[PDB]
Structure formats: C-alpha cells, structure tokens
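Next comes just one chain, in structure tokens: the form deposited in one PDB entry.
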C-alpha cells in the first residue's frame, strides 16, 4: 500500500518526539538549581562536622560534649541513634585520622543522563526527572560509616526545610524525592585518592583561563559485606561521549527514543537506560544505517535489539563483571517480559510504516512511544 517516512515525527524539535522529550532551558536550570542546593548543604554539613573535630583536636572534649555540639548542627536532622554514631565516630578518631578529616572537603561530579544529555521528560505518573550527582571524598590509599552519615544528614536537613520533599536510602545512594515536582536527586558517594586528586586539580587549573585513575574510584555501598566497589562513572560518560562522536549526532536521539519507548511500555521497570544505550551503540557500530532517516534507523535498531538483549548486554566498564542485562539462559520472569516487549517493537514500527493514512500511521507508531506526538503532518509519504 503506502509507505511513510517518520523522520520528522522523531526529530522535529517543537512537535516531534525530540520536542516532547528534551527539557526546556528553564527546566534544566531548575535541576541545576536543585543540584546546587544539595552541593552547598553537603559542603556546609561537612564544615560543621570538621568544626567539631577541630574542637576535639584543639582540646580534650568528652563524648557528652561532642554529642551536644553535634545536636546543635544540621546533623540534628538525623535520628538520635544516628547522631550518637556521628558523635561516637568523631570522638573515636585517632590523631592521624582526625587530621585527615580536617583536610577533607567533598567534591562533586554529575553522572547519568543529566551529564551526558539524554534526560527525557517523564511520561507516566510516577516517572520523574533524575539528577545523579556524585559526591566524592578525597582520601589516601576516614570511615565509610561517617561519610554516609554526613551525606544523609545533609539530605535530611534539606528535607526538613521543604514540604513535599522525601529522603530515601538506597544501596548505592541517598535520594531526595520531590514527588509534586516530578523530580528526584540521587547522591552516590565515592572515595578517591587525595594525592592524585590534588595533583590533577592543580594541573587542570594551570591549563586554563587529567582524569583520575579509574581503578581507585570506589562507590560506597549502603548494606552488605562489601562497603566499597570499584565503579568509576566517568567510564560510562567517556564511552558514551566517544560513541556519540564516533557514531554521530543521531546516537543521542535514538537513545532518547529507546528510553521513551521504555517509559511508555512500563510505568516502572523495563530495561535500564544504560542497557539500552549499550545495545544501541553496539547495533549502530555494526549495522549500516542512514542518519538522515531516523525512522529507518529506528527500524534497524528495533530489528536488532532482541538479539542484543538475548546474548546479554555487557557494561562498557570491562572491569565490571555483572552484565547490564543477562543472557537468555539466565532469564527469569522479569527478563522474559522485557524480551517480549522488545520483540513487539519491530512489529509495531512495521505496522506504522504500512498504515493506510497519516493519522493511522501516527496512531500505530504511538503504540510504541505513547500519545506524545500529536501532529500527524510530521508523517509524510516516502519518496519514490
């Protein structure tokens, strides 16, 4: 019958899918403002704690005195038991550890889709704009417990100052959720080598008006036997940025489209954003496609994703042994459900391509991406 071209459906920045997914400048700035609020408080809470440690160093303080001091700082927004732990930890530092703590100032680096520009406007109720802002502690080679308590104190002190904010503890981060604004901010915490951080910060400021060795970037884990895991988020940022330069400007677009497909097919759940990115990069690295037709390119991606996910999707961090998505012999109900929807996507896109009219084509492709694009005039007859 007829054959439709969907390039403008995907890419029109006003009415097309990109126009629906990309945050406005006002919205990006609001997330930047939120990140800055978290950073300022975290630096302030660390200074208050260091102020207490400095008093302990300057003169012998009893545990009860340290407890009272803790209780007058913004650490007061922790629970009473947690405040005791913070006081105990500060009191029990030996002279050497205390000197290291007095020298600590947290540093920050954003990771995830806010950093490499693939953050989509959320679609279904419950979905939220996500800022992943890592907090970094330069140390040699100071306790895991203390560092987690102080970041928790910072986040809880902000929650105590804002109606509708909620703190959530997760295995790999602290989170502040702002449900009414469809926004949350995740704060993973890292330990990094102090000597190397300093040396490279100096070098960086000298070249202006290097990167930390990935092996020593340690992500704090909240529960279990392992308190730390080596996981440098910049590995993913660098791998994705290089992939964009290598594959082209359309990579960021089709990764957004696959994430939006995911958001439309599951209110919560579905394949991780990073697993979609990795599979998509693999396909586009190994299959001929045409960037001037993202409708065609999306068809090619959809055809190949099931097999990518079936063989298992490995992390761009080769030091990470966990797959982003397990191979099919390891699939349980959750993975089988993801395979099912992945297998459906090509069928949906095919149905759209051979619809009898523009409005029918729009309806069919919106089975994949939701009723977000409404302008059927973005869909046009394919050229002879």
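Residue numbers count along the first chain shown, from 1.
Not on display, but discussed next: the form deposited with a small molecule bound.
- Under a 4.5 angstroms non-hydrogen atom cutoff, the small molecule in the deposited complex lacks residue 308 among its neighbouring residues.
- Although the partner is absent here, residue 39 sits close enough that one of its heavy atoms falls within 4.5 Å of the small molecule in the deposited complex.
- When the small molecule is considered in the deposited complex, residue 214 lines it closely, a heavy atom lying within 4.5 Å.
- In the deposited complex, none of the heavy atoms of residue 291 sits within 4.5 Å of a heavy atom of the small molecule.
- Of the listed positions (123, 91, 167, 109), a single one reaches within 4.5 angstroms of the small molecule by any non-hydrogen atom in the deposited complex, namely 109.
- Exactly one listed residue, out of 72, 286, 105, 79, brings a non-hydrogen atom to within 4.5 Å of the small molecule in the deposited complex: 105.
- Partner proximity in the deposited complex, defined as non-hydrogen atoms within 4.5 angstroms of the small molecule, places exactly one of 150-158, 242-250, 228-236, 297-305 at the interface: 228-236.
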